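Counting neighbours? That spans all protein chains shown, and the Cβs are built from the backbone with ideal geometry, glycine included. Laboratory data are not the source of any read-out in this text; all were calculated from the coordinates shown.
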Amino acid sequence: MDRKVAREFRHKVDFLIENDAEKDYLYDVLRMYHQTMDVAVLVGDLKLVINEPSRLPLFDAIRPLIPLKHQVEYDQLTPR
Amino acid sequence: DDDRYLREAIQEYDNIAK
């Protein structure tokens, strides 16, 4: 049952970025949060890529897959 | 819904190799 989330997640991010280099790095950001498991790291990179409000959805976009506990803490770290 | 969707999308890209 867990598969479309990837398409909707990748399709959404692509709808916002529409770029490749950006998605590559953003894809790298997620890969990092997976290995290092450091929410503080995701926020940093996500910013460098989401420096503009236009890429705001990335926060709410990634949250879903982001651990329920980390989701809240993710909110505590983010001002929005 | 935790520690499952991440690998789904993460690995999905790992397969795409884009």
TODO: Taking only chain B into account, find how many residues are of a type in the set (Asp, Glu) and under 8 Å from the mean Cα position of the chain (by Cα).
DONE: 3
Open item on the list: What's the total number of residues in the stretch A:32-80 that are closer than 21 Å to A:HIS11 by Cα and among the hydroxyl-bearing types (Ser, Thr, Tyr)?
Closed with: 2
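This table checks each residue for (1) surrounded by fewer than 15 Cβ atoms within 10 Å (Cβ to Cβ); (2) within 12 Å of another protein chain (Cβ to nearest Cβ); (3) among the small types (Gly, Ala, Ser).
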site	(1), (2), (3)
A:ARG3	yes, yes, no
A:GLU8	yes, yes, no
A:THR36	yes, no, no
A:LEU42	no, yes, no
A:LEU48	yes, no, no
